Amino acid sequence: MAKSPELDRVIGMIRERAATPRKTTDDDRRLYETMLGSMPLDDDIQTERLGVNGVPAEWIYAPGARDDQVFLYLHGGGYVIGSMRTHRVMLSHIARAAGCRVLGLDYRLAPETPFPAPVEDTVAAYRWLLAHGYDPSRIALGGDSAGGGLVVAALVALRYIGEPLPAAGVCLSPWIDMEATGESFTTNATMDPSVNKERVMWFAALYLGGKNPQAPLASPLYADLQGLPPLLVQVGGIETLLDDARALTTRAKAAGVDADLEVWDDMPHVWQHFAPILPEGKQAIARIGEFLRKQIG
């Protein structure tokens, strides 16, 4: 899209997957895994599969990690695809940069289960952390795309049910509006190689299972954001989801939340996945690390 061989290669990988033939839900899941999950973890990364209050999950951490600091992470994929298979490498880089443990959730996906299952799962995982003696002031929630919206919905839900809120939230290209009403869905239509309004609406239909698309916990564009901890919002300048990120930040600030928006010029959706081969990916991951160190450290 822009002029650096690194970015060209990435935009290329993206435009390729987008044009690979697929027939089924699991084809789409597998293709994502092929695109984003084909590189190994560094040899020094430790992982463990476990259940947290019934939710399948994975500890991910690098040497030197503070075992009392937890980044509870909610992967993207439109609430339909994605998993630790697509995300664990990116998460291992964030873990190292922040010097903390990541707890990655393989939360329930649509169409098998609809909204609000992922909110339920995030609440369950958080309650598990608390029950096991982790301190809210040392926990942050993070996520990308659907998972970025889920961070906000889960924080609101936690407040609504009286759980002690964590120290921070990190939202990477967050999806906060099921109806894709953002003007960037038009403005960046020709610029965004991976996300467009039609696809967003399709995934929304699958996730919602017939429920109201403006439901605050599906579309936190409509949620009460008061009381939330500081948020870091990153998004790419060519994204159709750009206005989702802008709206989240604006609405959060209006509700008295310490929210900060970073728009990274020329970057595609969740460009951080491509940190191994993209400078801006590593730079954004370092920034997340600094934010986490300032909030849960």
Side-chain angles (χ1 to χ4, degrees), residues 33 36-52 55-77 82-107 121-122 125-126 128-130 132-148 150-151 154-155 166-174 229-234 262 264 270-297:
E33 296 168 9
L36 259 11
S38 71
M39 297 308 104
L41 283 168
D42 298 334
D43 299 329
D44 63 348
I45 303 302
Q46 264 272 40
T47 70
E48 176 191 354
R49 296 296 295 189
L50 74 165
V52 296
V55 184
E58 190 172 319
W59 286 117
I60 301 171
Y61 61 89
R66 287 98 123 215
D67 284 343
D68 63 333
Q69 296 177 354
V70 178
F71 192 39
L72 176 57
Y73 197 87
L74 308 174
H75 68 79
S83 69
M84 286 303 101
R85 210 171 276 179
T86 50
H87 288 246
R88 66 170 57 98
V89 174
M90 183 176 64
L91 294 181
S92 75
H93 298 310
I94 296 174
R96 204 194 293 280
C100 68
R101 281 190 172 223
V102 171
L103 183 57
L105 300 192
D106 277 340
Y107 61 83
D121 286 358
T122 304
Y126 188 72
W128 180 91
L129 287 168
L130 302 186
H132 290 261
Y134 295 87
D135 171 11
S137 74
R138 314 206 116 46
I139 299 169
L141 269 57
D144 59 284
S145 54
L150 186 56
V151 164
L155 291 169
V170 173
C171 302
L172 308 186
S173 306
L231 305 172
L232 169 60
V233 181
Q234 297 185 330
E262 300 182 353
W264 290 65
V270 200
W271 71 96
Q272 301 91 334
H273 274 293
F274 299 96
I277 71 193
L278 185 71
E280 288 86 349
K282 298 196 193 71
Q283 300 168 0
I285 288 183
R287 173 59 182 127
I288 297 164
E290 300 174 2
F291 179 75
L292 289 173
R293 283 176 182 275
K294 201 251 270 65
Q295 306 292 168
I296 59 177

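For reference, positions follow the sequence shown, starting with 1. Basis for what follows: all heavy atoms, side chains included, without hydrogens, waters or symmetry-related copies.
With a 4.5 Å cut-off on side-chain heavy atoms, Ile296 and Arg66 do not count as touching. Considering only heavy atoms from C-beta on, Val102 stays 4.5 Å or farther from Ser92 through its side chain. Using a 4.5 Å cut-off on side-chain heavy atoms (C-beta onward), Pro276 and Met39 make no contact. Side-chain contact between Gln272 and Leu172 is present, with heavy atoms from C-beta onward closer than 4.5 Å. In this structure, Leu36 and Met90 have side chains that are not in contact, with every pair of non-hydrogen atoms separated by 4.5 Å or more. Using a 4.5 Å heavy-atom cutoff, the side chains of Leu50 and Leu103 are in contact. Inter-residue side-chain proximity for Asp68 and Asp135 is flagged as unmet; no heavy-atom pair is nearer than 4.5 Å. Considering only heavy atoms from C-beta on, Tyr73 stays 4.5 Å or farther from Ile60 through its side chain.
For the pair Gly169 and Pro229, the tightest heavy-atom approach, listed with the atom from each and the gap, is N-CG, 4.5 Å. Taking every heavy atom of both residues into account, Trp128 and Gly51 meet most closely at NE1-O, 4.1 Å. The heavy-atom pair separating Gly148 from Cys171 by the smallest distance is O-SG, 3.6 Å. Contact between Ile288 and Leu232 at its shortest, heavy atoms only, is CA-CD2, 4.1 Å. Across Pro230 and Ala167, no two heavy atoms sit closer than the pair CD-O, 3.4 Å. The minimum heavy-atom distance between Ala65 and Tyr61, with the atom names listed, is CB-CB, 4.1 Å.
Taking OG1 from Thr122 and CG from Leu74, the interatomic distance works out to 4.5 Å, rounded to the nearest 0.5 Å. The distance from atom CD1 of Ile285 to atom CD of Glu290, rounded to the nearest 0.5 Å, is 12.5 Å. The distance from the CG atom of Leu105 to the CG atom of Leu141 is 8.5 Å, given to the nearest 0.5 Å.
Between the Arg96 side chain and the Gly289 main chain, no donor and acceptor come within less than 3.5 Å of each other. Between the side chain of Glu48 and the main chain of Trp59, no donor-acceptor pair closer than 3.5 Å is present. No donor-acceptor pair closer than 3.5 Å links the side chain of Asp42 to the backbone N or O of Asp44. In terms of modelled atom types and a separation under 3.5 Å, the side chain of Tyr107 and the main chain of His75 share a donor-acceptor contact. Between the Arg138 side chain and the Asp67 main chain, no donor and acceptor come within less than 3.5 Å of each other. Although no hydrogens or angles enter the test, the distance criterion places no donor-acceptor pair under 3.5 Å between the side chain of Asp121 and the main chain of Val55. Side-chain atoms of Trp271 come within 3.5 Å of backbone N or O of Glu280 as a donor-acceptor pair. In this structure a side-chain-to-backbone donor-acceptor pair under 3.5 Å is present from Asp106 to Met84.
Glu58 pairs in a salt bridge (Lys or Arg N to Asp or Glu O under 4.0 Å) with only one of the listed residues (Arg88, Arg101, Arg85), which is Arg88.
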Inset, instruction - Walk me through it: do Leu292 and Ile94 pass the test side-chain contact (heavy atoms from CB on, under 4.5 Å)? - result: CA-CA 9 Å; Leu292 289 173; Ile94 296 174; 4.2 Å; yes
